[PDB]
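Visitor: My structure is below; once you've seen it, I'll send some questions.
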Amino acid sequence: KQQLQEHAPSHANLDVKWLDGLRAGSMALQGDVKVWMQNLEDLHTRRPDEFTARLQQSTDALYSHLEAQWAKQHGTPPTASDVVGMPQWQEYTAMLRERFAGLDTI
């Protein structure tokens, strides 16, 4: 499948910045999650266990940004254990990746 090669003008995950956020890249819509799925759509195709490894690099920004930044708030509750679901990504991604069958939020 996909023997012949092809290409066209379009935006890719690389374009979108890390979870840290985008100033001009994507203001109106969310490029963080918007690509979160698309990244797994291509990866998951080959290996699922790796699907999470795709965004794993991006989500890192927030994953740490929270445990680090949020640390100021309390610093006690902030930890890889909490940061896992402390942020919104935990839920957000759960809405798209799960309700992907009908991505409308975007």
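Chain lettering (A, B, ...) mirrors the order of the structure tokens, residue numbering begins at 1 for each chain separately, and ligand numbering begins at 1 in order of display.
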Could you give me, as a ChimeraX atom specification, each residue of segment 15-78 of chain A that DSSP assigns to helix (DSSP H, G or I) when run on this structure's backbone?
Guide: /A:31-46,48-56,60-72
Visitor: Please identify all polymer residues within 12 Å of residue 100 of chain A, counting only C-alpha atoms, omitting same-chain residues fewer than 3 positions from it, and present them as a list in words.
Guide: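 Returned residues: residues 33, 34, 35, 36, 37, 38, 40, 41, 92, 93, 94, 95, 96, 97, 103, 104, 105 and 106 of chain A.
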Visitor: Export N, CA, C and O atoms of the chosen residues as a compact mmCIF listing (two decimals), in the first residue's frame?
Guide:
```txt
# COMPACT_ATOMS: atom_id res chain seq x y z
N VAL A 33 -3.37 20.00 21.16
CA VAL A 33 -4.22 18.82 21.10
C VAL A 33 -4.61 18.49 19.66
O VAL A 33 -4.62 17.33 19.26
N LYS A 34 -4.92 19.52 18.89
CA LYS A 34 -5.31 19.35 17.49
C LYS A 34 -4.40 18.35 16.80
O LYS A 34 -4.86 17.51 16.02
N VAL A 35 -3.10 18.43 17.08
CA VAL A 35 -2.13 17.53 16.48
C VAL A 35 -1.93 16.28 17.34
O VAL A 35 -1.50 15.24 16.85
N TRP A 36 -2.25 16.40 18.63
CA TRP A 36 -2.11 15.29 19.55
C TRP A 36 -2.62 13.99 18.93
O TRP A 36 -1.97 12.95 19.01
N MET A 37 -3.79 14.06 18.31
CA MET A 37 -4.39 12.90 17.67
C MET A 37 -3.70 12.59 16.34
O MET A 37 -3.21 11.49 16.13
N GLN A 38 -3.68 13.58 15.45
CA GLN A 38 -3.05 13.41 14.15
C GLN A 38 -1.70 12.72 14.28
O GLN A 38 -1.32 11.92 13.42
N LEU A 40 -0.86 10.52 16.50
CA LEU A 40 -1.09 9.10 16.79
C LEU A 40 -1.74 8.41 15.59
O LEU A 40 -1.56 7.21 15.40
N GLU A 41 -2.48 9.17 14.80
CA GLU A 41 -3.15 8.63 13.63
C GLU A 41 -2.15 8.00 12.67
O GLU A 41 -2.40 6.93 12.10
N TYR A 92 -8.59 17.14 28.38
CA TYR A 92 -8.68 17.59 27.00
C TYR A 92 -8.44 16.43 26.03
O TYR A 92 -9.32 16.04 25.27
N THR A 93 -7.22 15.88 26.07
CA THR A 93 -6.86 14.77 25.21
C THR A 93 -7.87 13.63 25.32
O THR A 93 -8.11 12.90 24.36
N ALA A 94 -8.45 13.48 26.51
CA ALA A 94 -9.43 12.43 26.75
C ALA A 94 -10.73 12.71 26.00
O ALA A 94 -11.52 11.81 25.74
N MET A 95 -10.95 13.98 25.67
CA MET A 95 -12.16 14.39 24.95
C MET A 95 -11.99 14.19 23.45
O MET A 95 -12.92 13.75 22.76
N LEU A 96 -10.80 14.51 22.94
CA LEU A 96 -10.52 14.37 21.52
C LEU A 96 -10.19 12.92 21.17
O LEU A 96 -10.89 12.29 20.38
N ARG A 97 -9.13 12.39 21.77
CA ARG A 97 -8.72 11.02 21.52
C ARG A 97 -9.89 10.06 21.71
O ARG A 97 -10.02 9.08 20.97
N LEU A 103 -14.64 14.80 16.10
CA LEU A 103 -13.91 15.98 16.53
C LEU A 103 -14.61 17.26 16.07
O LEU A 103 -14.54 17.62 14.89
N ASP A 104 -15.28 17.92 17.00
CA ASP A 104 -15.99 19.16 16.69
C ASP A 104 -15.40 20.34 17.45
O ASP A 104 -15.42 21.47 16.97
N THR A 105 -14.86 20.06 18.63
CA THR A 105 -14.26 21.10 19.46
C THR A 105 -13.37 22.02 18.63
O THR A 105 -13.24 23.20 18.94
N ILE A 106 -12.77 21.47 17.58
CA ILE A 106 -11.90 22.24 16.71
C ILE A 106 -12.68 22.84 15.54
O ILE A 106 -13.51 22.17 14.93
```
Visitor: For residue 56 of chain A, please output as a list in words all residues within 12 Å (counting only C-alpha atoms; exclusion window: fewer than 6 positions along the same chain).
Guide: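 Returned residues: residues 18, 19, 32, 33, 36, 37, 39, 40, 49, 50, 62, 63, 64 and 89 of chain A.
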Visitor: So that I have them on file, write out the residues from the current selection with C-alpha atoms, as a short mmCIF file (atom, residue, chain, number, x, y, z; two decimals), in the first residue's frame.
Guide:
```cif
data_model
loop_
_atom_site.label_atom_id
_atom_site.label_comp_id
_atom_site.auth_asym_id
_atom_site.auth_seq_id
_atom_site.Cartn_x
_atom_site.Cartn_y
_atom_site.Cartn_z
CA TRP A 18 5.67 22.23 22.09
CA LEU A 19 2.91 21.98 24.69
CA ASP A 32 -1.30 21.25 21.00
CA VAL A 33 -4.22 18.82 21.10
CA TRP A 36 -2.11 15.29 19.55
CA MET A 37 -4.39 12.90 17.67
CA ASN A 39 0.32 12.43 15.59
CA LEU A 40 -1.09 9.10 16.79
CA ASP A 49 2.51 1.40 22.05
CA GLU A 50 4.56 4.02 20.20
CA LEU A 62 3.08 20.93 29.90
CA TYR A 63 3.92 17.81 31.89
CA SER A 64 7.00 19.55 33.29
CA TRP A 89 -4.33 17.93 28.90
#
```
Visitor: One decimal, in Å: what's the spacing between atom CA of residue 66 of chain A and atom CA of residue 83 of chain A?
Guide: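 Atom CA of residue 66 of chain A sits 6.4 Å away from atom CA of residue 83 of chain A.
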Visitor: Kindly give the distance, in Å, that separates atom CA of residue 57 of chain A and atom CA of residue 28 of chain A, rounded to a single decimal.
Guide: 23.0 Å
